[PDB]
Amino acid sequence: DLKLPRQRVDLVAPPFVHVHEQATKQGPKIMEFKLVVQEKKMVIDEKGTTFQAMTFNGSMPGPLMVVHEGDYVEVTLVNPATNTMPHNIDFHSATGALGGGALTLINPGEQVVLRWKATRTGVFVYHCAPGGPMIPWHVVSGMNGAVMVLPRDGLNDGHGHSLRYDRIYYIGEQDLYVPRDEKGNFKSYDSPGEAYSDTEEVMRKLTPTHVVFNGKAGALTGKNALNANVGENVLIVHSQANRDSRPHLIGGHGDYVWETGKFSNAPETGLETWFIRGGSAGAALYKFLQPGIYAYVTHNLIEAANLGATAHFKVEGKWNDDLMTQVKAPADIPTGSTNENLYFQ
């Protein structure tokens, strides 16, 4: 009895996002998405450590889904008979039934269809939540993604001026808890079930062994650096389903930041580092002003450099010597300089 145009959306693998319009004059639609659970071993660091992962659509994070305020979202969740455990899905964007968790529990070999109305604008987390201690275990094993619900008029700056992005990326950050053997080496398992008890012991101490973007250390570095151009307005959506994060664009700023991730609230301007609370998504706009390599990190630098949480942007364009310049290149300290006279010696 819900009589609205339907539209099928094909999701893509993060950090890219499926095609969508920002501002729209189209009325409300039923937007149809399909997610298939996949349990599999994945590599999570540059030394080749492996991990028994559980994913939506084979990726960590799950794909970003984009709809407009007032749309209805109809999700088919599929749990193929190759999987070993029950799974479900809960959307933080949705209202009732534990975000839909209470309506979507499916055994291997089954599927379910849930519909929810997109009544609140912003970016939101979605994750598996089977019940009890299964909940943290599914989420930290990789079963979490995000949804963005745009206002029909697109983003604005909270002072009645429109904001438009040229480019969008979705960075999902994941905390992982990998057991070690007596000698400190990471342990390997043949199934998720088998990893469980040792993993639980690591989770209980609340300290991750890895903190990764897009599912592995180095995933968004080297040849998979993110691309941009001087002058472009880039939206970066950042989610963390379980633990806090402090995103920082090294060499840049957050021009407009919705750190709690909800478009009904005016963004903050000109931030250096912002804060994603565990269990939420945030979004930041930035207009690149200078070419070159930028590092996008969590600004716990131990986690960024040593546990895996660094992505790269490669930005093409012309350098602006007004903003920054090397006045004098590295040179010998002058013989006639007197730094030994300074207050602190």
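Don't overthink the numbering: it's just position in the shown sequence, from 1.
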* Structure fact -> When mean C-alpha B-factors in the record are compared for 73-81 and 188-196, the larger belongs to 188-196
* Asked: Quick one: higher average CA temperature factor, 275-283 or 24-32?
  -> 24-32
* Quick one: which of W319, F56, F288, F51 shows the highest Cα temperature factor in the PDB entry? => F51
* **Which of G252, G261, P108, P247 ranks first by CA B-factor in the deposited coordinates** => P108
* Structure fact -> So, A102's CA B-factor, relative to its chain, sits in which third? The highest
* Structure fact -> Assert third(CA B-factor, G270) within chain per record equals middle
* Asked: Compared with the other modelled residues in the chain, in which third is the CA B-factor of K117?
  -> middle
* Ranked against its chain, the third holding the CA B-factor of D157 -> highest
* Chain-relative CA temperature factor third for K41 -> highest
